[PDB]
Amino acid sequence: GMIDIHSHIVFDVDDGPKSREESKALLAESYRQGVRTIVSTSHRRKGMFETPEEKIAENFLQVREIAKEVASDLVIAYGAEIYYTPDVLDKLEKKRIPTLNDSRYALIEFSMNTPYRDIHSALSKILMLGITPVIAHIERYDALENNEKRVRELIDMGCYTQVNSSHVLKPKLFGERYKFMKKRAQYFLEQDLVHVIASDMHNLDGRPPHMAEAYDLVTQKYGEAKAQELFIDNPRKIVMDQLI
C-alpha cells in the first residue's frame, strides 16, 4: 500500500521508458515491491525535457491502461517533475503544466549547484500562486547539504521535502557509486527533515524503484510509524490534496 509520488513511467517523453513494454515492466516491479499508487511525474525542463504536454498526456493515458494488465488495484495518477525556470510560474498559474493528481502540490526540482537564495526565491514565488512545492530529491542540492537550518526554513515557509528511495539505502560494501548522496539522505532522515520517500524510478537497470528496501530500512532504524508516514501517509495526503 505504498504511494510513490515521483516517477518516470511514461514511455517516449523523457529519460524514462522508451517503450510500452518497458513501462509495463517498471510498473510490475513497483507493484511487486508493494506500491499501489504511482504518480507520473515526467520531466518538464526547459532546454532538456520539452516533450509537448499533449504527447505526455496521451502517452500517460496509455500507461494508465497498461497498469490494468499489471493489477486492478494499481492506481496511476498524473503529475509532472518541474525543473524551475521563471516561465513555469505562468504555466502553473494558467494550469498548463500539471500538479500532483490535480492537488495544490507541485513537484519542483533544481540543479545540484543551485544557490540557496535562488531555491528560496523560486519556492516563495510558487507559494504565492497558492501552490505547495514538494522539493524533489533534496539530497541532490549542494545548498542544503548538512544544513538542517536551510531545510527547515524552506519547510517552515510552506514546502515539503522528498528523498529518493535509492539514497535511503546503506552504502554497499562493493560497487557503491553514490556514497555522497546516501550520506546526505542519511543526515536528512536522522534530523527528521524528510516528509516523503519516493522512487524517482526511470527503468530496470540503473534507476529501478528501491521502495521495499527503503521501507524496511526506515522501519528498522526509525520505527514503523516513520516508515508509514514517509511511504504511505504523507504521500496519500499529497495525492488527496490534504495538508501535511
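Heads up: residue numbers just count along the shown sequence, starting at 1.
Per-stretch averaging of Cα B factors for 78-86 and 92-100 places 92-100 on top. Stretches 140-148 and 154-162 differ in mean C-alpha B factor, with the higher average recorded for 140-148. Highest CA B-factor among 201, 217, 189, 66, as stated in the entry: 66. The PDB entry gives the largest Cα B-factor of the residues 182, 36, 177, 55 to 55. Residue 24: CA B factor in the middle third of modelled residues in this chain (values from the PDB entry). In this PDB entry, the Cα temperature factor of residue 62 sits in the top third of its chain's modelled residues, the highest group.
Ranked by C-alpha B-factor against the other modelled residues of its chain, residue 48 falls in the highest third.
Residue-level temperature factors show residue 170 in the highest third of its chain, judged at the C-alpha atom. Among all modelled residues in this chain, the alpha-carbon of residue 226 has a temperature factor (C-alpha) in the lowest third.
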